[PDB]
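Undergrad: Following this message is one structure expressed as structure tokens.
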Amino acid sequence: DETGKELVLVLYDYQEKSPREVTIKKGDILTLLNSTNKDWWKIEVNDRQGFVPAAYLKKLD
């Protein structure tokens with residue numbers, strides 16, 4: 001994790017809305033840190049970790 005193993009493809013741009021969210025760019029390949037919640041997954045982008053919509057990411061496997 002925390003940069004390595006499970007990766008995800010960002011399907012659409014996403015602008016953070018809550019203090020626990022992060023902003024992601026469409027077309028980015030990022031580390032999937034936690035996919036236990038159906039609607040909200042934690043990922044890493046740059047030097048940040050936070051949630052974004054699960055539907056806005058595709059799991060790469």
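Identifiers in this document derive from the order of the structure tokens: chains are assigned A, B, ..., residues are numbered from 1 separately in each chain, and ligands are numbered from 1 in order of occurrence.
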Residue A:40: which residues within 10 Å, counting only C-alpha atoms, same-chain residues fewer than 6 positions away excluded, as a VMD selection string?
TA: chain A and resid 21 34 50 to 56
Undergrad: Based on the selection just made, write N, CA, C and O atoms of those residues as an mmCIF file, in the first residue's frame.
TA:
```
data_model
loop_
_atom_site.group_PDB
_atom_site.id
_atom_site.type_symbol
_atom_site.label_atom_id
_atom_site.label_comp_id
_atom_site.auth_asym_id
_atom_site.auth_seq_id
_atom_site.Cartn_x
_atom_site.Cartn_y
_atom_site.Cartn_z
ATOM 1 N N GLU A 21 -11.664 14.309 2.315
ATOM 2 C CA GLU A 21 -11.542 13.973 0.897
ATOM 3 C C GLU A 21 -10.303 14.537 0.235
ATOM 4 O O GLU A 21 -9.650 15.426 0.774
ATOM 5 N N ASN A 34 -7.648 1.604 0.700
ATOM 6 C CA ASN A 34 -8.743 0.933 1.394
ATOM 7 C C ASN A 34 -10.006 0.947 0.553
ATOM 8 O O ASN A 34 -10.565 2.000 0.272
ATOM 9 N N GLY A 50 -6.637 10.123 1.260
ATOM 10 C CA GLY A 50 -7.973 10.545 1.592
ATOM 11 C C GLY A 50 -8.965 9.839 0.713
ATOM 12 O O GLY A 50 -8.596 9.112 -0.206
ATOM 13 N N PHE A 51 -10.233 10.125 0.946
ATOM 14 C CA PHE A 51 -11.298 9.476 0.213
ATOM 15 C C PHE A 51 -11.785 10.233 -1.018
ATOM 16 O O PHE A 51 -11.646 11.453 -1.125
ATOM 17 N N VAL A 52 -12.359 9.479 -1.945
ATOM 18 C CA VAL A 52 -12.946 9.999 -3.174
ATOM 19 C C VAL A 52 -14.001 8.954 -3.501
ATOM 20 O O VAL A 52 -14.099 7.938 -2.809
ATOM 21 N N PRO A 53 -14.838 9.219 -4.510
ATOM 22 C CA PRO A 53 -15.881 8.252 -4.866
ATOM 23 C C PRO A 53 -15.318 6.988 -5.502
ATOM 24 O O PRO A 53 -14.448 7.039 -6.377
ATOM 25 N N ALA A 54 -15.874 5.869 -5.068
ATOM 26 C CA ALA A 54 -15.472 4.561 -5.568
ATOM 27 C C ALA A 54 -15.834 4.454 -7.037
ATOM 28 O O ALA A 54 -15.098 3.861 -7.811
ATOM 29 N N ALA A 55 -16.975 5.034 -7.400
ATOM 30 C CA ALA A 55 -17.455 5.009 -8.779
ATOM 31 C C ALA A 55 -16.588 5.828 -9.738
ATOM 32 O O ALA A 55 -16.747 5.734 -10.950
ATOM 33 N N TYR A 56 -15.692 6.642 -9.180
ATOM 34 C CA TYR A 56 -14.782 7.501 -9.956
ATOM 35 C C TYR A 56 -13.391 6.900 -10.117
ATOM 36 O O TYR A 56 -12.437 7.613 -10.466
#
```
Undergrad: Might you pull out every residue within 10 Å of residue A:58, with only C-alpha atoms counted and same-chain residues fewer than 4 positions away left off, and present them as a PyMOL selection string?
TA: chain A and resi 7-11+29+32+54
Undergrad: For the selection just defined, write its residues with C-alpha atoms to a file, as an mmCIF file, in the first residue's frame.
TA:
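The resulting file, selection.cif, is shown below:
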```
data_model
loop_
_atom_site.group_PDB
_atom_site.id
_atom_site.type_symbol
_atom_site.label_atom_id
_atom_site.label_comp_id
_atom_site.auth_asym_id
_atom_site.auth_seq_id
_atom_site.Cartn_x
_atom_site.Cartn_y
_atom_site.Cartn_z
ATOM 1 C CA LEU A 7 -3.710 0.546 -7.992
ATOM 2 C CA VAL A 8 -6.738 2.313 -9.455
ATOM 3 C CA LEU A 9 -7.454 4.230 -12.647
ATOM 4 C CA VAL A 10 -9.189 7.606 -12.042
ATOM 5 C CA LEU A 11 -12.314 7.601 -14.211
ATOM 6 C CA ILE A 29 -3.070 5.661 -11.724
ATOM 7 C CA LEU A 32 -5.712 2.073 -3.492
ATOM 8 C CA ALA A 54 -15.472 4.561 -5.568
#
```
Undergrad: For residue A:1, work out the shell of residues within 12 Å, counting only C-alpha atoms and skipping chain neighbours fewer than 4 positions away, then give it as a ChimeraX atom specification.
TA: /A:5-8,30-35,42-44,49
Undergrad: Mind dumping the selected residues with N, CA and C atoms as a PDB file, in the first residue's frame?
TA:
```
ATOM      1  N   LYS A   5       1.314  -1.892  -4.746  1.00  0.00           N
ATOM      2  CA  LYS A   5       0.387  -3.034  -4.688  1.00  0.00           C
ATOM      3  C   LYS A   5      -0.913  -2.723  -5.456  1.00  0.00           C
ATOM      4  N   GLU A   6      -1.976  -2.440  -4.721  1.00  0.00           N
ATOM      5  CA  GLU A   6      -3.287  -2.152  -5.344  1.00  0.00           C
ATOM      6  C   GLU A   6      -3.320  -0.725  -5.905  1.00  0.00           C
ATOM      7  N   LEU A   7      -3.617  -0.691  -7.200  1.00  0.00           N
ATOM      8  CA  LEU A   7      -3.710   0.546  -7.992  1.00  0.00           C
ATOM      9  C   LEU A   7      -5.109   0.699  -8.591  1.00  0.00           C
ATOM     10  N   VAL A   8      -5.443   1.947  -8.869  1.00  0.00           N
ATOM     11  CA  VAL A   8      -6.738   2.313  -9.455  1.00  0.00           C
ATOM     12  C   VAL A   8      -6.570   3.402 -10.514  1.00  0.00           C
ATOM     13  N   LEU A  30      -3.392   5.507  -9.319  1.00  0.00           N
ATOM     14  CA  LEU A  30      -3.053   5.739  -7.920  1.00  0.00           C
ATOM     15  C   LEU A  30      -3.124   4.497  -7.040  1.00  0.00           C
ATOM     16  N   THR A  31      -2.481   4.588  -5.883  1.00  0.00           N
ATOM     17  CA  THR A  31      -2.478   3.508  -4.902  1.00  0.00           C
ATOM     18  C   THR A  31      -3.824   3.465  -4.189  1.00  0.00           C
ATOM     19  N   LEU A  32      -4.444   2.285  -4.186  1.00  0.00           N
ATOM     20  CA  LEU A  32      -5.712   2.073  -3.492  1.00  0.00           C
ATOM     21  C   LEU A  32      -5.304   1.628  -2.092  1.00  0.00           C
ATOM     22  N   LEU A  33      -5.647   2.447  -1.100  1.00  0.00           N
ATOM     23  CA  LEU A  33      -5.318   2.172   0.287  1.00  0.00           C
ATOM     24  C   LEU A  33      -6.381   1.418   1.074  1.00  0.00           C
ATOM     25  N   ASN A  34      -7.648   1.604   0.700  1.00  0.00           N
ATOM     26  CA  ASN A  34      -8.743   0.933   1.394  1.00  0.00           C
ATOM     27  C   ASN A  34     -10.006   0.947   0.553  1.00  0.00           C
ATOM     28  N   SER A  35     -10.432  -0.245   0.153  1.00  0.00           N
ATOM     29  CA  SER A  35     -11.637  -0.373  -0.657  1.00  0.00           C
ATOM     30  C   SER A  35     -12.756  -1.117   0.072  1.00  0.00           C
ATOM     31  N   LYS A  42     -10.220   4.967  -0.041  1.00  0.00           N
ATOM     32  CA  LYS A  42      -9.099   5.796   0.325  1.00  0.00           C
ATOM     33  C   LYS A  42      -8.029   5.541  -0.719  1.00  0.00           C
ATOM     34  N   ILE A  43      -7.354   6.595  -1.158  1.00  0.00           N
ATOM     35  CA  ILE A  43      -6.308   6.442  -2.160  1.00  0.00           C
ATOM     36  C   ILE A  43      -5.196   7.416  -1.843  1.00  0.00           C
ATOM     37  N   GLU A  44      -4.096   7.286  -2.555  1.00  0.00           N
ATOM     38  CA  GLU A  44      -2.997   8.200  -2.338  1.00  0.00           C
ATOM     39  C   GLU A  44      -2.743   8.967  -3.633  1.00  0.00           C
ATOM     40  N   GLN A  49      -3.431  11.387   1.342  1.00  0.00           N
ATOM     41  CA  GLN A  49      -4.221  10.177   1.455  1.00  0.00           C
ATOM     42  C   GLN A  49      -5.607  10.661   1.882  1.00  0.00           C
TER      43      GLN A  49
END
```
Undergrad: Enter the distance from atom CA of residue A:15 to atom CA of residue A:60, in Å, rounded to one decimal.
TA: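 Interatomic distance here is 21.9 Å.
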Undergrad: Give me, please, the distance in Å between atom CA of residue A:48 and atom CA of residue A:2, quoted to one decimal.
TA: 9.7 Å
